[PDB]
Amino acid sequence: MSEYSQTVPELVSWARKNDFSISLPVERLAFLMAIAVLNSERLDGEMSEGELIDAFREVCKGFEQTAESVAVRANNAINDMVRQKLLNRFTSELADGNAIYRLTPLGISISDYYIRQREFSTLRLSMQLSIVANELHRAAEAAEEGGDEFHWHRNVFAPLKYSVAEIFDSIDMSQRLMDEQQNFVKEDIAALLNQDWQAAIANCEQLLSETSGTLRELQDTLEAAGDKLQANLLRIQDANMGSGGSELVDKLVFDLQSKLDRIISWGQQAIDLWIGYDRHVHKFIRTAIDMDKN
Amino acid sequence: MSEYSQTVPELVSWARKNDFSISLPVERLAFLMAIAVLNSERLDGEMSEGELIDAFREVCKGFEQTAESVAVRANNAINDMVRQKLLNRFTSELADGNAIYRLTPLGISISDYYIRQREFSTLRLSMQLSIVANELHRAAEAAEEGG
DNA sequence: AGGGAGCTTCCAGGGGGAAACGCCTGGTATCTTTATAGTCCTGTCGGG
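### A word on the sheet that holds strand β3 (residues 87-91) of chain B
Adjacent strands of a sheet pair through backbone hydrogen bonds, lying either parallel or antiparallel. Residue and element names in this part refer to chain B. Pairing is antiparallel in the open sheet, where three strands are placed in the order β2-β4-β3. Among the strands making up the open sheet, the edge pair consists of β2 (47-48) and β3. The pairing of β2 with strand β4 (residues 99-103) spans two bridges and is classified as antiparallel. The residue bridging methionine 47 from the neighbouring strand is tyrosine 101, located in β4. Sheet strands in contact with helix α2 (residues 26-40) are β2 and β4, and its direction is about 100° off that of β4.

Structural data, given as structure tokens:
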């Protein structure tokens, strides 16, 4: 079953019928981030209503807002976050009516995008690739050992769906992070050339070389592991075809192979785009420096 | 270094200075989801400007909207998504000026929350604990080996 | 030991005083509506 069981028209009809939307102005986003920071400093991962109100007061202070109606504004903000599926509220009779709050997977993902300083680490990728290689190798050995529907579900499907797929998604996010980093560097090089292009030549060459080395090192690492990961996916596919198959395992393996191809292809494409820019900046600098001679 | 290097007041000041905000109306959110779906069906994880415009046209049809200025409306929506950090645009001289688009980690996280049907699994938890147990065991053996 | 009356102590009853609760009025926040003005597009025509 395609992760997205619905076609574009069906999804559009479904979204339209459920009236989904998200509204996080700077203050609300700051409050969410403050809640995320406060939750990370705690031992129980739970926040009371009073603690959330204190956090809202700090945001309001930070925005230099009137102390009038702050308890009301905090309640409206808390209700808005719950209504927007950012917070889960637990109302227990045992807690004398005091509600307990926890951030939802959505509220966490959003807050982390802004607060977590995510930079591309080669070590991280090498580690992730190591875990997926071991998980795929175990799943391939389990598929080759053969077994019943319970064995194929517990030792092959579960590791592919609940472990390998997650790791591949994490790698794809790391690539999308790298993509944002490249666009940021292009803006910095243009600024350096507008301030003092003569002194900026060494700094621009450093930024171009550091980015190029990183992209290449990454691609080298993906290519080295990619062949072993594909071989293990093929071993699982061959073992599945030999044991009468399972349409669920075949589709899952096909999806993982498609993601792996996307992950490998992205690196080469990013290198070509960076090379085009690098050549252009070098040509520009040479034209600016060397061709005027007086 | 705490994952969140900044205290709450510092973060609030930083957020205020950078002016970060999210506004996701039904139509734009539907367009984002349509883009996310279209990207998942592709082999290269890349979308051209014409393909994004075709996707917007389908959303507009699904919302029963006027076919007038759809190309403009689509450009406004695409620029809004890029301006909101949901899409990364690549403009290469080699591509004769044709821009290539990819969804940002943010645009993906948001689209997946709505489209991905997420339900809890013990098998998954058992596998995750097994992997972490092996990774922690190797790290402990490496720490005990010294170096 | 039983029965009644006196002294002494504690509870019951009265009276005051203010707060709290309940209700209304207006203010403050929030949101919507309405209008205006922009911005861009589209269309037409004419000219090149």
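### Remarks on the interface of chain B and chain A
With 68 residues of chain B at the contact, the number on the chain A side is 69 residues. Across the chain B to chain A interface the summed buried area is about 6600 Å²; carbon plus sulfur atoms make up 62%. Applying the counting criterion to the chain B and chain A interface returns seven salt bridges. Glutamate 166 of chain A serves as the salt-bridge partner of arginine 124 of chain B, at 2.8 Å between the closest nitrogen and oxygen.

### Here's the deal with the side chain of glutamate 135 of chain B
Looking at the element boundaries, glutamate 135 of chain B is found in helix α6 (residues 122-145). Beyond its immediate stretch of four places on either side in the chain, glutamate 135 of chain B contacts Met127 and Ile131 of chain A.

### Description of the protein's contact with DNA strand C
Taken together, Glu68, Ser69, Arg73 and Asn76 of chain A together with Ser69 and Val72 of chain B form the complete shell of residues around DNA strand C. Backbone atoms, meaning sugar plus phosphate, form 100% of the atoms of DNA strand C positioned within 4 Å of the protein. Within the side chain of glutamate 68 of chain A, an N or O atom sits 3.3 Å from a phosphate oxygen of DNA strand C. Taken together, the residues that form the surface near DNA strand C break down as one nonpolar, three polar and two charged.

### Comments concerning the pairing of strand β4 (residues 99-103) of chain A
Residues and elements named next belong to chain A. Side-chain alternation along β4 places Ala99, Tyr101 and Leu103 on a buried face and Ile100 and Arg102 on a face that remains uncovered. The pairing of strand β3 (residues 87-91) with β4 spans five bridges and is classified as antiparallel. Along β4, the bridge assignment pairs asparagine 88 with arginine 102.

### Some remarks on unusual backbone geometry
Within the chain, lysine 85 of chain A stands out as a residue other than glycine whose phi angle is a positive 65°. Structurally, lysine 85 of chain A is set in the loop between α4 (70-83) and β3. Even without being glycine, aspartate 19 of chain B reaches a positive phi, approximately 55°. Secondary-structure assignment places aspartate 19 of chain B in the loop between α1 (8-18) and β1 (22-24).

### What to know about the packing of aromatic side chains
Each aromatic ring pair is summarised here by two numbers: the centre-to-centre distance and the angle between the ring planes. Using the criterion set out here, one finds nine aromatic pairs over all chains in the structure. Taken together, a centroid distance of 6.1 Å and an interplanar angle of 90° make the contact between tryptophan 14 of chain B and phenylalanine 20 of chain B edge-to-face. Classification of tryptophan 14 of chain B by relative accessible area gives partly exposed; the value is 24%. In this structure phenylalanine 20 of chain B comes out as buried when scored by relative accessible area, which is 16%. Pairwise contacts between aromatic rings join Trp14 and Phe20 of chain A together with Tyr113 and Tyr114 of chain B into one cluster. The ring of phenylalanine 90 of chain A carries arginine 102 of chain A above its face, with NZ or CZ at 5.6 Å from the centroid. A cation sits over an aromatic face here: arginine 102 of chain B above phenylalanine 90 of chain B, 5.6 Å from the ring centre.

Rules behind the numbers
- Residues numbered from 1 in each chain as written, not as in the entry; some residues may be left out.
- Chains lettered and ligands numbered in written order.
- Part of a larger assembly, values for the part shown.
- Heavy atoms only, no water.
- Pairing = 2+ DSSP bridges.
- Helix = DSSP H or I, 4+ residues; strand = E, 2+ residues; numbered from the N terminus.
- Contact = heavy atoms within 4.5 Å.
- Axes fitted to C-alpha atoms, helices over the stretch in contact; angles between N-to-C directions.
- Buried area = accessible area lost by both parts, 1.4 Å probe.
- Salt bridge = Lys/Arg side-chain N within 4 Å of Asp/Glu carboxyl O.
- Near = heavy atom within 4 Å.
- Polar contact = N/O pair within 3.5 Å; in protein donor to acceptor, adjacent residues only side chain to side chain.
- Nonpolar A, V, L, I, M, F, W, Y, C, P; charged D, E, K, R; others polar.
- Buried < 20%, exposed > 50% of the residue type's maximum accessible area, 1.4 Å probe, protein only.
- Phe/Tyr/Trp six-rings, centres within 6.5 Å; stacked < 30°, edge-to-face > 60°.
- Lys NZ or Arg CZ within 6 Å of the ring centre and 35° of its normal.

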